[PDB]
Amino acid sequence: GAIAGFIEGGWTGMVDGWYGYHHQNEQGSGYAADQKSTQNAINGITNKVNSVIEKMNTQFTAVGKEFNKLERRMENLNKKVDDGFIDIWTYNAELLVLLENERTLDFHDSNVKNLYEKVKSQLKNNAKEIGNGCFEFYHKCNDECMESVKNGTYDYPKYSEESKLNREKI
Amino acid sequence: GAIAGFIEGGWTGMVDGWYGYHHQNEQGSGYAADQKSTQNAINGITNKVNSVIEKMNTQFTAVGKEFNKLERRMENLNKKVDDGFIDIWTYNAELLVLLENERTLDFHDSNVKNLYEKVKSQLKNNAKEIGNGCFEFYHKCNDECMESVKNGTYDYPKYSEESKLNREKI
Amino acid sequence: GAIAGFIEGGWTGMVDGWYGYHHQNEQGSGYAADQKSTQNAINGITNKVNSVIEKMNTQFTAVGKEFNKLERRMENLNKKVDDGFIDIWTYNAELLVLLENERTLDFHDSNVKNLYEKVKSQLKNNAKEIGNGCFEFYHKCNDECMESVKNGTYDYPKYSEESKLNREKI
Amino acid sequence: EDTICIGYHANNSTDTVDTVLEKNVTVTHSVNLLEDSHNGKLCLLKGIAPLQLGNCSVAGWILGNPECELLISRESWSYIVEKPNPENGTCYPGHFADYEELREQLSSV
Amino acid sequence: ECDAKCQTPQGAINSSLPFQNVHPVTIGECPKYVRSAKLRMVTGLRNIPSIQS
Ligand SMILES: *[C@@H]1O[C@H](CO)[C@@H](O[C@@H]2O[C@H](CO)[C@@H](O[C@@H]3O[C@H](CO)[C@@H](O)[C@H](O)[C@@H]3O)[C@H](O)[C@H]2NC(C)=O)[C@H](O)[C@H]1NC(C)=O
Ligand SMILES: *[C@@H]1O[C@H](CO)[C@@H](O)[C@H](O)[C@H]1NC(C)=O
Ligand SMILES: *[C@@H]1O[C@H](CO)[C@@H](O)[C@H](O)[C@H]1NC(C)=O
Ligand SMILES: *[C@@H]1O[C@H](CO)[C@@H](O)[C@H](O)[C@H]1NC(C)=O
Ligand SMILES: *[C@@H]1O[C@H](CO)[C@@H](O)[C@H](O)[C@H]1NC(C)=O
Ligand SMILES: *[C@@H]1O[C@H](CO)[C@@H](O)[C@H](O)[C@H]1NC(C)=O
Ligand SMILES: *[C@@H]1O[C@H](CO)[C@@H](O)[C@H](O)[C@H]1NC(C)=O
């Protein structure tokens, strides 16, 4: 394969987390997931999931009610009530599961983009937006610079002047 | 009018679908909706709508219960139960209709933007982001190139060199 | 402090509204909230809040039902019904409050970004995207130009030629 | 000079829907979920013609009031129709014990 | 002489839909009755006529 990600697809070879980086260096290549965004995404989901169980109270149950022959009016009201409540709850659970699976799926693809942007505005001109979710460095950098990008530091002046010449190769 | 779209407004003259293109060529002008994004948007909505009816089960009805003079306690519990369930359901329907109309309206204006971007990253420097939802081609192209943009191919090297000179006209 | 906003944080010194501008001029500095976006955001929230009370009908209440010694079957159905409805309503309110607080919080940070973009596409090359939510003017402008940016006019040709030279200072 | 544009659809539709933040928002397309169409006619549910008691009551009907003449193939129905205030109930006066209960026994027939 | 799937005390319904505002008392396969006046879901989008049209 030609590697790349985000707009292309998912990385089978990454394990550390949900969101990460690839990097192509002279000091090897690989994958390294950003655990800061992954944790601040895990926290969210954990609290989305737990907030569903913590609100839906585990309740003591008592159901079994018995009516005689000349009481089928009440037997049918008990039936009306028993089925009526199962009806509401089956709807309520079934809807929230579909509606929030939708919200979890958008949450991620937003977190991914919100990270693709973190880097774009961090590097600028010093790299081209080569085909989908990747950047082609206009200056060639050390693993120290890679981990500078990953932890948000980078330091734009160091490589700005270097890139200025390599960018002009048109 | 001055044509343009997306940020300006809606196209009365387009029929093929919800999302599309205009194009200004030497080989005429018009409208041509992108049915690939329109179908992958129709599918969504069809499944949003159908998922509302498919969950809300069409139920057999039985309501009419009769109580005597010295039974108004039960008559009022039947009333409590009858009104109580209509109360929940009227809220439940009324809320989902307002909440998901909101979600359908955001879904579209996202699909539109997610297509305006498809083209921006496909062309790059070979066109300027002229006033709202439009691009002004820096090289002048054949209907074949137009339909190359529409079906995502385009081919950036062919017109890159052409545009390089026309862009310099400052 | 170094001022700046949006991606950095909130402005304690702004009062006029939720969304606004700072500006650094030769004719002083300060804050001025964009009441057009703030009103078209207040309207939304007012209608989100009011749409919650306007649907949830203020209802006449009657609860107190009394049963004898040889009637504890009905007493328990009244209890089943009374608790059952409080159960649904406590869930229904508690969920909508959590779910729409989420939607209000995303609504804002979208409105903010949708305004940061309004300006980016209005100025273009005539300013650099200096560190988070700010622009550094490539031409130096009058309070008249500032209020031209704020009310969307700006007028790109006036300062385009000016900036063209100052941008070249590399 | 050559251009290209991205834009959404628009037509002549007056369909106003509502949201959480906005209300009476005119849209291109929309689908209804509420029904208000009643033909004012009692039809045969399933294909089984229902029991049209007439001026009679449930009591009247089953006890065999001399006016209630429907003791025929009116053994098979889909549902039972009663006139709100039925004039032909119990001819000789009295009390129909647990009347209401019997109505439910007959409801399931 | 009609044949229904849904029968009310003030007429009959075409139970394709999921909600009803006609009458709570019904027999047969009927769409659940609610009090609501208008229930319209948006399929399309905000109808805006640009520039001059
Ligand atoms: C079946 O239904 C018919 C029609 O509802 C019953 O007929 C009506 O019965 C009432 C008594 O229950 C009659 O009222 C009488 O009116 C005169 C008025 O001068 C008054 O003097 C009497 O004291 C009494 O109130 C009424 O005339 C009679 N006729 C009609 C056509 O309404 C009938 O009794 C019912 N039969 C059975 C067997 O259920
Ligand atoms: C990022 O990592 C480098 C490693 O040398 C370190 O110097 C820098 O302080 C780190 N930045 C932050 C914000 O932690
Ligand atoms: C796009 O259309 C052109 C028409 O000549 C065709 O050659 C090309 O293969 C198409 N691309 C795709 C991805 O279908
Ligand atoms: C913006 O303000 C300036 C103030 O001189 C005014 O000339 C211009 O017409 C205003 N624009 C709009 C769209 O209101
Ligand atoms: C617009 O107007 C005509 C009436 O002249 C109407 O019949 C037609 O369906 C409308 N167009 C659309 C696209 O709905
Ligand atoms: C706006 O909504 C109100 C609700 O009271 C209604 O009376 C009115 O007819 C609606 N108008 C339009 C144009 O939809
Ligand atoms: C039913 O009662 C009405 C009362 O006005 C009467 O006109 C009609 O003839 C009655 N029909 C029968 C069959 O008793």
# chains A, B, ... in the order shown; residues from 1 in each chain; ligands from 1

call {"tool": "residues_near_ligand", "arguments": {"ligand": "ligand 5", "cutoff": "8 Å", "atoms": "only C-alpha atoms and all ligand atoms", "output": "PDB file with N, CA, C and O atoms, in the first residue's frame"}}
result
ATOM      1  N   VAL B  15     -32.676  20.494 -11.084  1.00  0.00           N
ATOM      2  CA  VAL B  15     -33.784  19.566 -10.795  1.00  0.00           C
ATOM      3  C   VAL B  15     -33.305  18.174 -10.371  1.00  0.00           C
ATOM      4  O   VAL B  15     -33.879  17.618  -9.440  1.00  0.00           O
TER       5      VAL B  15
ATOM      6  N   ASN D  11     -37.125  25.072  -4.702  1.00  0.00           N
ATOM      7  CA  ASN D  11     -38.350  25.008  -5.505  1.00  0.00           C
ATOM      8  C   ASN D  11     -39.479  25.887  -4.952  1.00  0.00           C
ATOM      9  O   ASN D  11     -39.242  26.754  -4.116  1.00  0.00           O
ATOM     10  N   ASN D  12     -40.701  25.682  -5.453  1.00  0.00           N
ATOM     11  CA  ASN D  12     -41.879  26.420  -5.009  1.00  0.00           C
ATOM     12  C   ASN D  12     -42.715  25.531  -4.114  1.00  0.00           C
ATOM     13  O   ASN D  12     -43.690  24.911  -4.550  1.00  0.00           O
ATOM     14  N   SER D  13     -42.278  25.423  -2.866  1.00  0.00           N
ATOM     15  CA  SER D  13     -42.959  24.625  -1.864  1.00  0.00           C
ATOM     16  C   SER D  13     -43.267  25.523  -0.673  1.00  0.00           C
ATOM     17  O   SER D  13     -42.450  26.384  -0.341  1.00  0.00           O
ATOM     18  N   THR D  28     -38.161  22.572   0.968  1.00  0.00           N
ATOM     19  CA  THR D  28     -38.325  22.000  -0.381  1.00  0.00           C
ATOM     20  C   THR D  28     -39.202  20.756  -0.331  1.00  0.00           C
ATOM     21  O   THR D  28     -40.194  20.673  -1.056  1.00  0.00           O
TER      22      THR D  28
END

call {"tool": "residues_near_ligand", "arguments": {"ligand": "ligand 4", "cutoff": "6 Å", "atoms": "only C-alpha atoms and all ligand atoms", "output": "VMD selection string"}}
result
chain C and resid 148 151 153

call {"tool": "write_last_selection", "arguments": {"atoms": "N, CA and C atoms", "output": "mmCIF file, in the first residue's frame"}}
result
data_model
loop_
_atom_site.group_PDB
_atom_site.id
_atom_site.type_symbol
_atom_site.label_atom_id
_atom_site.label_comp_id
_atom_site.auth_asym_id
_atom_site.auth_seq_id
_atom_site.Cartn_x
_atom_site.Cartn_y
_atom_site.Cartn_z
ATOM 1 N N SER C 148 -15.726 48.111 9.021
ATOM 2 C CA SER C 148 -16.055 47.631 7.677
ATOM 3 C C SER C 148 -15.959 46.111 7.712
ATOM 4 N N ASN C 151 -19.006 44.710 9.966
ATOM 5 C CA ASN C 151 -20.293 44.715 9.263
ATOM 6 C C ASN C 151 -20.194 44.053 7.851
ATOM 7 N N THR C 153 -18.471 44.484 5.101
ATOM 8 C CA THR C 153 -18.079 45.205 3.875
ATOM 9 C C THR C 153 -16.581 45.090 3.546
#

call {"tool": "interface_residues", "arguments": {"of": "chain B", "to": "chain D", "cutoff": "6 Å", "atoms": "only C-alpha atoms", "output": "list in words"}}
result
residues 4, 5, 6, 10, 11, 12, 18, 19, 20, 21, 22, 23, 24, 25, 98, 99, 101, 102, 133, 134, 135, 136, 137 and 140 of chain B

call {"tool": "write_last_selection", "arguments": {"atoms": "N, CA, C and O atoms", "output": "mmCIF file, in the first residue's frame"}}
result
data_model
loop_
_atom_site.group_PDB
_atom_site.id
_atom_site.type_symbol
_atom_site.label_atom_id
_atom_site.label_comp_id
_atom_site.auth_asym_id
_atom_site.auth_seq_id
_atom_site.Cartn_x
_atom_site.Cartn_y
_atom_site.Cartn_z
ATOM 1 N N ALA B 4 -23.688 31.925 -8.898
ATOM 2 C CA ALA B 4 -23.115 31.476 -7.619
ATOM 3 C C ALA B 4 -24.094 30.690 -6.707
ATOM 4 O O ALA B 4 -25.298 30.643 -6.957
ATOM 5 N N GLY B 5 -23.557 30.032 -5.693
ATOM 6 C CA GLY B 5 -24.412 29.274 -4.797
ATOM 7 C C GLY B 5 -23.827 29.045 -3.432
ATOM 8 O O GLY B 5 -22.969 29.817 -2.988
ATOM 9 N N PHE B 6 -24.333 27.984 -2.755
ATOM 10 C CA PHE B 6 -23.921 27.487 -1.436
ATOM 11 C C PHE B 6 -24.071 28.543 -0.339
ATOM 12 O O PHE B 6 -25.054 28.500 0.391
ATOM 13 N N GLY B 10 -30.057 29.045 -2.730
ATOM 14 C CA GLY B 10 -30.540 27.892 -3.481
ATOM 15 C C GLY B 10 -30.781 28.128 -4.959
ATOM 16 O O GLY B 10 -31.199 29.216 -5.385
ATOM 17 N N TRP B 11 -30.556 27.063 -5.744
ATOM 18 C CA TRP B 11 -30.683 27.062 -7.201
ATOM 19 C C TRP B 11 -32.031 26.587 -7.663
ATOM 20 O O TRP B 11 -32.300 25.387 -7.646
ATOM 21 N N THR B 12 -32.867 27.524 -8.109
ATOM 22 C CA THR B 12 -34.229 27.229 -8.567
ATOM 23 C C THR B 12 -34.233 26.389 -9.844
ATOM 24 O O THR B 12 -35.123 25.554 -10.020
ATOM 25 N N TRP B 18 -30.552 17.292 -4.873
ATOM 26 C CA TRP B 18 -30.449 18.345 -3.858
ATOM 27 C C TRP B 18 -29.129 19.090 -3.975
ATOM 28 O O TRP B 18 -29.093 20.298 -3.784
ATOM 29 N N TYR B 19 -28.039 18.367 -4.243
ATOM 30 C CA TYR B 19 -26.691 18.940 -4.305
ATOM 31 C C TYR B 19 -26.105 18.917 -5.722
ATOM 32 O O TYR B 19 -26.106 17.868 -6.361
ATOM 33 N N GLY B 20 -25.543 20.029 -6.175
ATOM 34 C CA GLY B 20 -24.985 20.042 -7.517
ATOM 35 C C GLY B 20 -23.964 21.089 -7.894
ATOM 36 O O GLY B 20 -23.332 21.707 -7.036
ATOM 37 N N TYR B 21 -23.787 21.259 -9.213
ATOM 38 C CA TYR B 21 -22.836 22.182 -9.817
ATOM 39 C C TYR B 21 -23.488 23.102 -10.841
ATOM 40 O O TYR B 21 -24.590 22.826 -11.330
ATOM 41 N N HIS B 22 -22.808 24.212 -11.149
ATOM 42 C CA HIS B 22 -23.306 25.148 -12.134
ATOM 43 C C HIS B 22 -22.464 25.111 -13.411
ATOM 44 O O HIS B 22 -22.979 24.757 -14.472
ATOM 45 N N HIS B 23 -21.190 25.509 -13.303
ATOM 46 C CA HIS B 23 -20.180 25.578 -14.367
ATOM 47 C C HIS B 23 -20.445 26.673 -15.421
ATOM 48 O O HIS B 23 -21.550 26.837 -15.944
ATOM 49 N N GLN B 24 -19.368 27.394 -15.728
ATOM 50 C CA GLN B 24 -19.284 28.451 -16.718
ATOM 51 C C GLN B 24 -18.132 28.061 -17.653
ATOM 52 O O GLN B 24 -16.960 28.057 -17.268
ATOM 53 N N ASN B 25 -18.503 27.659 -18.864
ATOM 54 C CA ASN B 25 -17.592 27.166 -19.875
ATOM 55 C C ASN B 25 -17.740 27.995 -21.140
ATOM 56 O O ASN B 25 -18.565 28.917 -21.213
ATOM 57 N N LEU B 98 -39.282 17.594 16.290
ATOM 58 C CA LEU B 98 -38.553 18.858 16.395
ATOM 59 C C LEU B 98 -37.040 18.647 16.433
ATOM 60 O O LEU B 98 -36.292 19.348 15.735
ATOM 61 N N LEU B 99 -36.604 17.652 17.227
ATOM 62 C CA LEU B 99 -35.197 17.290 17.404
ATOM 63 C C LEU B 99 -34.528 16.707 16.153
ATOM 64 O O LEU B 99 -33.351 16.989 15.916
ATOM 65 N N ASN B 101 -35.767 17.133 12.945
ATOM 66 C CA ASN B 101 -35.890 18.091 11.847
ATOM 67 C C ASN B 101 -34.635 18.958 11.935
ATOM 68 O O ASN B 101 -34.045 19.321 10.913
ATOM 69 N N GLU B 102 -34.195 19.230 13.181
ATOM 70 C CA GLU B 102 -32.981 19.975 13.463
ATOM 71 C C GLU B 102 -31.807 19.192 12.906
ATOM 72 O O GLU B 102 -31.009 19.770 12.172
ATOM 73 N N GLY B 133 -19.050 29.857 -2.531
ATOM 74 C CA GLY B 133 -19.352 28.589 -3.184
ATOM 75 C C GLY B 133 -18.923 28.424 -4.623
ATOM 76 O O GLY B 133 -19.331 27.450 -5.264
ATOM 77 N N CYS B 134 -18.104 29.353 -5.145
ATOM 78 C CA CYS B 134 -17.651 29.262 -6.526
ATOM 79 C C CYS B 134 -16.166 29.259 -6.636
ATOM 80 O O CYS B 134 -15.468 29.670 -5.710
ATOM 81 N N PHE B 135 -15.686 28.789 -7.778
ATOM 82 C CA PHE B 135 -14.275 28.767 -8.100
ATOM 83 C C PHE B 135 -14.106 29.391 -9.484
ATOM 84 O O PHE B 135 -14.922 29.131 -10.367
ATOM 85 N N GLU B 136 -13.079 30.228 -9.662
ATOM 86 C CA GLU B 136 -12.767 30.833 -10.949
ATOM 87 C C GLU B 136 -11.518 30.121 -11.457
ATOM 88 O O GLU B 136 -10.436 30.314 -10.906
ATOM 89 N N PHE B 137 -11.689 29.265 -12.480
ATOM 90 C CA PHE B 137 -10.620 28.489 -13.113
ATOM 91 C C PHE B 137 -9.488 29.356 -13.656
ATOM 92 O O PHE B 137 -9.734 30.288 -14.431
ATOM 93 N N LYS B 140 -9.073 27.713 -17.878
ATOM 94 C CA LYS B 140 -10.091 27.520 -18.921
ATOM 95 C C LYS B 140 -10.166 26.039 -19.380
ATOM 96 O O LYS B 140 -9.211 25.517 -19.975
#

call {"tool": "residues_near_ligand", "arguments": {"ligand": "ligand 2", "cutoff": "9 Å", "atoms": "only C-alpha atoms and all ligand atoms", "output": "mmCIF file with N, CA, C and O atoms, in the first residue's frame"}}
result
data_model
loop_
_atom_site.group_PDB
_atom_site.id
_atom_site.type_symbol
_atom_site.label_atom_id
_atom_site.label_comp_id
_atom_site.auth_asym_id
_atom_site.auth_seq_id
_atom_site.Cartn_x
_atom_site.Cartn_y
_atom_site.Cartn_z
ATOM 1 N N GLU A 144 13.053 13.862 16.776
ATOM 2 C CA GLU A 144 12.851 14.885 17.800
ATOM 3 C C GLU A 144 11.825 15.900 17.304
ATOM 4 O O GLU A 144 10.914 16.236 18.060
ATOM 5 N N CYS A 145 11.924 16.333 16.030
ATOM 6 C CA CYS A 145 10.948 17.253 15.431
ATOM 7 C C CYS A 145 9.565 16.578 15.289
ATOM 8 O O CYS A 145 8.536 17.230 15.493
ATOM 9 N N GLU A 147 8.210 14.190 17.195
ATOM 10 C CA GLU A 147 7.633 14.215 18.539
ATOM 11 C C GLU A 147 7.375 15.658 19.034
ATOM 12 O O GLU A 147 6.668 15.833 20.026
ATOM 13 N N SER A 148 7.904 16.680 18.312
ATOM 14 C CA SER A 148 7.657 18.096 18.593
ATOM 15 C C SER A 148 6.297 18.437 17.997
ATOM 16 O O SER A 148 5.543 19.203 18.597
ATOM 17 N N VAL A 149 5.986 17.862 16.816
ATOM 18 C CA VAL A 149 4.706 18.056 16.128
ATOM 19 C C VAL A 149 3.603 17.394 16.946
ATOM 20 O O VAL A 149 2.581 18.027 17.220
ATOM 21 N N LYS A 150 3.836 16.128 17.348
ATOM 22 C CA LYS A 150 2.921 15.288 18.127
ATOM 23 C C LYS A 150 2.500 15.933 19.449
ATOM 24 O O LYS A 150 1.312 15.899 19.787
ATOM 25 N N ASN A 151 3.461 16.553 20.173
ATOM 26 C CA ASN A 151 3.181 17.214 21.451
ATOM 27 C C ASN A 151 2.931 18.748 21.278
ATOM 28 O O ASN A 151 3.024 19.519 22.238
ATOM 29 N N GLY A 152 2.592 19.149 20.053
ATOM 30 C CA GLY A 152 2.231 20.518 19.701
ATOM 31 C C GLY A 152 3.289 21.606 19.650
ATOM 32 O O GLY A 152 2.968 22.716 19.217
ATOM 33 N N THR A 153 4.540 21.332 20.074
ATOM 34 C CA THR A 153 5.609 22.348 20.065
ATOM 35 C C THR A 153 6.096 22.717 18.653
ATOM 36 O O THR A 153 5.983 23.882 18.269
ATOM 37 N N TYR A 154 6.634 21.736 17.904
ATOM 38 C CA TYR A 154 7.174 21.847 16.550
ATOM 39 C C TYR A 154 8.353 22.839 16.449
ATOM 40 O O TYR A 154 9.476 22.388 16.207
#

call {"tool": "select_by_dssp", "arguments": {"residues": "range 7-66 of chain D", "states": "helix (DSSP H, G or I)", "output": "ChimeraX atom specification"}}
result
/D:58-63

call {"tool": "residues_near_ligand", "arguments": {"ligand": "ligand 1", "cutoff": "8 Å", "atoms": "only C-alpha atoms and all ligand atoms", "output": "PyMOL selection string"}}
result
chain D and resi 55-56+60+65-67+87-91

call {"tool": "residues_near_ligand", "arguments": {"ligand": "ligand 6", "cutoff": "9 Å", "atoms": "only C-alpha atoms and all ligand atoms", "output": "list in words"}}
result
residues 14, 15, 16, 17, 23, 24, 25 and 26 of chain D

call {"tool": "interface_residues", "arguments": {"of": "chain E", "to": "chain B", "cutoff": "9 Å", "atoms": "only C-alpha atoms", "output": "PyMOL selection string"}}
result
chain E and resi 6+15-19+24-36+38-53

call {"tool": "residues_around", "arguments": {"residues": "residue 97 in chain D", "least_positions_apart": "6", "cutoff": "12 Å", "atoms": "only C-alpha atoms", "output": "mmCIF file with N, CA and C atoms, in the first residue's frame"}}
result
data_model
loop_
_atom_site.group_PDB
_atom_site.id
_atom_site.type_symbol
_atom_site.label_atom_id
_atom_site.label_comp_id
_atom_site.auth_asym_id
_atom_site.auth_seq_id
_atom_site.Cartn_x
_atom_site.Cartn_y
_atom_site.Cartn_z
ATOM 1 N N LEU A 70 -65.347 -12.804 37.646
ATOM 2 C CA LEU A 70 -66.135 -11.588 37.540
ATOM 3 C C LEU A 70 -65.293 -10.361 37.912
ATOM 4 N N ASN B 68 -69.738 1.351 37.025
ATOM 5 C CA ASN B 68 -71.027 1.797 37.559
ATOM 6 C C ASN B 68 -70.939 3.041 38.467
ATOM 7 N N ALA D 59 -77.722 -5.307 27.084
ATOM 8 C CA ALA D 59 -78.701 -6.057 27.890
ATOM 9 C C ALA D 59 -79.888 -6.463 27.031
ATOM 10 N N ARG D 103 -70.133 -7.251 29.594
ATOM 11 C CA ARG D 103 -69.789 -6.455 28.431
ATOM 12 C C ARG D 103 -68.380 -6.775 27.979
#

call {"tool": "select_by_dssp", "arguments": {"residues": "chain B", "states": "strand (DSSP E)", "output": "ChimeraX atom specification"}}
result
/B:19-21,32-33,59-60,127-128,134-137

call {"tool": "write_last_selection", "arguments": {"atoms": "C-alpha atoms", "output": "compact mmCIF listing (two decimals), in the first residue's frame"}}
result
# COMPACT_ATOMS: atom_id res chain seq x y z
CA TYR B 19 -26.69 18.94 -4.31
CA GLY B 20 -24.98 20.04 -7.52
CA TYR B 21 -22.84 22.18 -9.82
CA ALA B 32 -26.01 19.22 -13.04
CA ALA B 33 -26.75 17.71 -9.66
CA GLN B 59 -50.83 -1.50 17.52
CA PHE B 60 -54.29 -3.16 17.79
CA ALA B 127 -8.63 28.34 -9.23
CA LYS B 128 -9.49 31.21 -6.86
CA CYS B 134 -17.65 29.26 -6.53
CA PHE B 135 -14.27 28.77 -8.10
CA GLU B 136 -12.77 30.83 -10.95
CA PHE B 137 -10.62 28.49 -13.11

call {"tool": "atom_distance", "arguments": {"atom1": "CA of residue 130 in chain A", "atom2": "CA of residue 120 in chain B"}}
result
13.2 Å

call {"tool": "atom_distance", "arguments": {"atom1": "CA of residue 43 in chain D", "atom2": "CA of residue 12 in chain E"}}
result
6.9 Å

call {"tool": "atom_distance", "arguments": {"atom1": "CA of residue 51 in chain D", "atom2": "CA of residue 86 in chain D"}}
result
14.6 Å

call {"tool": "residues_around", "arguments": {"residues": "residue 14 in chain E", "least_positions_apart": "4", "cutoff": "8 Å", "atoms": "only C-alpha atoms", "output": "number ranges by chain"}}
result
D: 37; E: 4-6

call {"tool": "closest_residue", "arguments": {"among": "B:129, B:34, B:16, B:66", "to": "chain C", "atoms": "only C-alpha atoms"}}
result
B:129
